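[1] Turn this into a model:
(chains A, B and C)
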Amino acid sequence: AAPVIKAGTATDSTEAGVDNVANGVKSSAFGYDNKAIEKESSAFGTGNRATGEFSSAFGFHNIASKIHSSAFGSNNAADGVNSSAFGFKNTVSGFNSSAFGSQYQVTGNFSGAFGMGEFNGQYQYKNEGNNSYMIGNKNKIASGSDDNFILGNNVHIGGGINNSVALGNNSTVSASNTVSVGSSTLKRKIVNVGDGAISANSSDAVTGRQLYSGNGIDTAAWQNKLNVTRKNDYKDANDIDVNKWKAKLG
Amino acid sequence: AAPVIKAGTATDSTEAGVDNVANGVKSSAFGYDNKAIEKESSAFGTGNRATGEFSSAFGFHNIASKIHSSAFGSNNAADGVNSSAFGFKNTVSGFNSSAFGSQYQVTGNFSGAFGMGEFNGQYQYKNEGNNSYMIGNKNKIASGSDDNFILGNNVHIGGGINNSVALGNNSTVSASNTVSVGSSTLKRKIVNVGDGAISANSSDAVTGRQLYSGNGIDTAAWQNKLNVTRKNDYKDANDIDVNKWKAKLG
Amino acid sequence: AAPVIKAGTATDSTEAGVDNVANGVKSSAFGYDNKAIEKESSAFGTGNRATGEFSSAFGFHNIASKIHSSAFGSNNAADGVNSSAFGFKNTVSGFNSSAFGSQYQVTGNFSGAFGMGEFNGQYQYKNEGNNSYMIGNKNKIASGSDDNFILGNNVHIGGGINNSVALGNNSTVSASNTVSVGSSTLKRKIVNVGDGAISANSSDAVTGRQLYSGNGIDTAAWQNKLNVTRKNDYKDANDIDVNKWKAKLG
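    Numbers count the residues shown, from 1 in each chain, chains lettered A, B, ... in the order given. Pasting the structure now:
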């Protein structure tokens, strides 16, 4: 009866608290209903499970099940090699993926998420992309869409969208190799942009002052796309028809 | 005397260490001066307090006080439902909000912060916005300004600024639905921008090469805003006054 | 024999588990081969070391060695004042710096990293910049380059690059006070940009529609950079040479 300290079912296995189970070699189970099943597995807290080697489950109802799993917080389940699940009810099912926040699931490989999702009975906002990171609330990435970075809320990415970045609240991305600043309804302005580098090859973002003034433009190409009349040949009568100009002008 | 294991004041309550207090049902208090007051509350470390149900306080002088609070690290106080405070002296006072770093306070709802702030005797850099996330050092968001994302240092947002994103060090935002890349003193250039989609409705970011060359421009609208003379009617004498042109030209 | 509870070598020092060492005042060592050497140092888990005052080492093979160090997870070594190392094999060697993820090292001051790196026998992706934050996989920042923010993967910053931000996968930055959206090989488009503010001083990002239409341009400056002929003086014969125009036109 009462809390007690005793050896588990394996060598160097420690059970501390009430109704604790330690089965792995060099494992430790501290708290109430804490299970340490694999070798060098530490499970500290209340109702925590450590079913993987070298796995750590700290907090409340945390689950670790792979070779290096860290489940710190409340109701987090880190099921992935070298994966970390931190916060409240964060599920990581990928490889070398991390997740910090509340009610977020990351099933992608080498992926990550930092924000708040939603969990009624299932995860409605999940990260299924590889090498993809999300920072925001209620953001979704479809499976097969990789190398996507989200900085915003209520951002959803469809299938087959690679190398895309979405910035701002309610951002929407619909193509690959693009950076989205907003949706079709709300469009954000880019303020305090540096001076451009107008040239034939330079690829910068021009400013309103440059377009207002037109410094550095091609004075020859622009004079052909729009048919303009330079002041010199007007003053000098160059490129003038003479057979019918003499008719109207007598 | 000495460290001892014993039952607390409730059923299935475990006190481990020296001067430990466990009052909640199914609670555990491990370490020195560790207090577990609510049901299924785990407080591990030195001088940690767990005053909320299902709350976990791990580390040094960590405080948890709500239904799902995670206070991991040093001097962190997570006071919020489903809120997580990780790092050194991080205070979370919002709902479903997370905070990782040092000396940062997040009072917003569904908000977050990842960086370094300042705490002399009070938090001088705090997040008071809803659905707002900060990544950087010494960043401030005023109350009432929501859906704001900061990626930079020394960035301050005033009141009534929504849907704004600030990028880069020393960035400044002064309007809603805008993305700031810098301040009035330093302006950053946007480099390696993709080719534009010049049209009547398309809203992209043009490049220096496009403005240099002018491909895809409206050859009719641009020829009216600037009064230009096309080469065809000059060659053909169209739209010519005849009553007074005959005077100067004889 | 077996797990036991006993006092350490200092006042209020608690050793729990098998082969645990507690030498600091008010320290606690819980688990297997857990060492708490400094005052108020807590080391919970398997093979964890707490060699700094007020330091917390939780998890598996975690090391804390400064005045406020948090090493939570697997194989994390937080060597820095007010520094936090969370995840799997994260090393923090800076001051007030945090690191969350797997196989990432942060040697910068007030710096941070959130992502996945690489550790064969040494850290190949490290953050050596001050006040710099990285979010992505396999990203590198050279020493001396400060105030740099990275949101992407496979992004490397050379020496002497300050106030630079890189967005997107495979982004490349080569200058200071610039924002990079891509590399010389892949260039990303900026989509859904708000309407510009064309003026003499305003510095915004223009859209394709504005350049297509040319609203708000300088009708006087643009008519001098490109020599154009306004329709009024053509209709009115102003600025016309008369001594030699009478020759070709008779």
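[2] Now for residue A:35: which residues touch it?
    Residues near residue A:35 by CB atoms under 8 Å, 6 or more residues apart in numbering or on different chains: A:20, A:21, A:22, A:23, A:29, A:43, A:48, A:49, A:50, A:51. Where C-beta positions appear, they are placed from N, C-alpha and C, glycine not excepted.
[3] Any chance of JSON lines for the residues you listed, columns neighbour count?
    Output for those, formatted as JSON lines (neighbours: other CB atoms under 10 Å in any protein chain shown):
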{"residue": "A:20", "neighbour count": "24"}
{"residue": "A:21", "neighbour count": "17"}
{"residue": "A:22", "neighbour count": "29"}
{"residue": "A:23", "neighbour count": "19"}
{"residue": "A:29", "neighbour count": "30"}
{"residue": "A:43", "neighbour count": "33"}
{"residue": "A:48", "neighbour count": "29"}
{"residue": "A:49", "neighbour count": "23"}
{"residue": "A:50", "neighbour count": "32"}
{"residue": "A:51", "neighbour count": "20"}
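[4] Nearest to residue B:11, out of the residues you listed: which one, please.
    residue A:20 (15.8 Å; CB to CB).
[5] Can you name the residues that contact the nearest residue to that closest one once chain neighbours are set aside?
    Nearest residue to residue A:20, sequence neighbours excluded (CB to CB, 6 or more residues apart in numbering or on different chains): residue A:29, at 4.3 Å. Applying CB under 8 Å, 6+ apart, we find residue A:29 in contact with A:8, A:13-17, A:20-22, A:35-36, A:43, A:50.
[6] Among those residues, which are located in strands?
    When DSSP state E is applied, the contacts of residue A:29 are split such that A:14, A:15, A:16, A:17, A:21, A:22, A:35, A:36, A:43, A:50 fall in strands.
[7] between the residues you listed, which is nearest residue A:226?
    Among these, and counting by CB to CB, the member closest to residue A:226 is residue A:50, at 72.8 Å.
[8] Would you confirm that that closest one contacts residue A:38?
    Yes. Contact criterion CB atoms under 8 Å: residue A:50 and residue A:38 qualify, at 6.8 Å.
[9] Mind listing the shared neighbours of the two?
    A:24, A:27.
[10] Now do the helices in chain A.
    Counting by DSSP state H, chain A has helices at residues A:208-213, A:222-225, A:231-236, A:245-248.
[11] between those, which one is nearest to residue A:112?
    helix A:208-213 (36.7 Å).
[12] Now do that closest one: distance to the chain's middle.
    Per CA atoms, centre = their mean, to the nearest Å, the displacement of helix A:208-213 from the mean C-alpha position of its chain is 35 Å.
[13] just stretch A:52-69 next, same as before
    25 Å.
[14] and the gap between the closest residue to residue A:219 other than its chain neighbours and residue B:51?
    Of all residues not flanking residue A:219 in the chain, residue C:226 sits nearest, at 6.0 Å (CB to CB, 6+ apart). Separation of residue C:226 from residue B:51 (CB to CB, to the nearest Å): 74 Å.
[15] quick one, what contacts residue A:56?
    Counted by CB under 8 Å, 6+ apart, residue A:56 has contacts A:41-44, A:50, A:64, A:69-72, C:45, C:58-60, C:73-74.
[16] try 7 Å
    By CB atoms under 7 Å, 6 or more residues apart in numbering or on different chains, residue A:56 lies in contact with A:42, A:50, A:64, A:70, C:45, C:59, C:60, C:73, C:74.
[17] Would you convert the residues you listed into CSV that also reports distance to chain B?
    Shown next, in CSV, are the contacts of residue A:56 (distance: CB to the nearest CB, whole Å):
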residue, distance to chain B
A:42, 11
A:50, 15
A:64, 15
A:70, 11
C:45, 10
C:59, 10
C:60, 15
C:73, 10
C:74, 15
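[18] Distance check, the residue nearest to residue A:9 when sequence neighbours are not counted against residue A:61.
    Excluding the flanking residues, the one nearest residue A:9 by CB to CB, 6+ apart is residue A:23, at 5.0 Å. If you measure residue A:23 against residue A:61 using CB to CB, the figure is 19 Å.
[19] check contacts around the closest residue to residue A:36 other than its chain neighbours.
    Counting by CB to CB, 6+ apart, residue A:27 is the residue found nearest to residue A:36 once chain neighbours are left out, at 3.9 Å. Taking CB under 7 Å, 6+ apart, we find residue A:27 in contact with A:8, A:10, A:13, A:36, A:39, A:40, A:41, A:42.
[20] What is the neighbour count of the last one?
    The reference is to residue A:42. 35 (other CB atoms under 10 Å in any protein chain shown).
[21] show me the contacts for it.
    A:27, A:28, A:36, A:50, A:56, C:31, C:45, C:46, C:60.
[22] go again using 8 Å as the cut-off
    A:27-28, A:30, A:36, A:50, A:55-58, C:31, C:44-46, C:59-60.
[23] ok so, going back, quickly note the distance from the residue nearest to residue A:36 to residue A:20.
    For residue A:27, the distance to residue A:20 equals 11 Å [CB to CB].
[24] Same check on residue A:219?
    Applying CB to CB to residue A:219 and residue A:20 gives a distance of 83 Å.
[25] Then residue A:129?
    39 Å.
[26] and the residue nearest to residue A:9, what does it touch?
    Per CB under 8 Å, 6+ apart, neighbours of residue A:23: A:8, A:9, A:10, A:13, A:35, A:36, A:37, A:38.
[27] make it 6 Å
    A:9, A:10, A:37 (CB atoms under 6 Å, 6 or more residues apart in numbering or on different chains).
[28] Any buried residues in stretch A:233-244, and which?
    A:234, A:237 (16 or more other CB atoms under 10 Å in any protein chain shown).
[29] now residue A:124, nearest residue through space, not along the chain?
    Residue A:124 sits nearest to residue A:118 (CB to CB, 6+ apart), 4.7 Å away.
[30] number of nearby residues for the one you found?
    With other CB under 10 Å as criterion, residue A:118 counts 14.
[31] I'd say it and residue A:137 touch.
    No. Counting by CB atoms under 6 Å, residue A:118 sits too far from residue A:137 to count as a contact (9.0 Å).
[32] Now residue A:244: closest residue in space, sequence neighbours ignored.
    Nearest one to residue A:244, counting by CB to CB, 6+ apart, is residue B:237 at 7.1 Å.
[33] and the gap between that neighbour and residue A:245?
    5 Å.
[34] and among the helices of chain A, the most buried is which?
    Of all the helices of chain A, helix A:208-213 has the most neighbours on average by mean count of other CB atoms under 10 Å in any protein chain shown, namely a mean of 21.
[35] is it anywhere near chain C?
    Yes. Helix A:208-213 lies within reach of chain C by CB under 6 Å from any CB of the partner chain, at A:208, A:211, A:212, A:213.
[36] which residues are in contact with that helix?
    A:196, C:196, C:197, C:198, C:202, C:204, C:206, C:218, C:221.
[37] Likewise for stretch A:44-51?
    A:30-37, A:41, A:43, A:57-65, B:40, B:42, B:44, C:44.
[38] hmm, which of those are the buried ones?
    Buried among those (16+ other CB under 10 Å): A:30-37, A:41, A:43, A:57-65, B:40, B:42, B:44, C:44.
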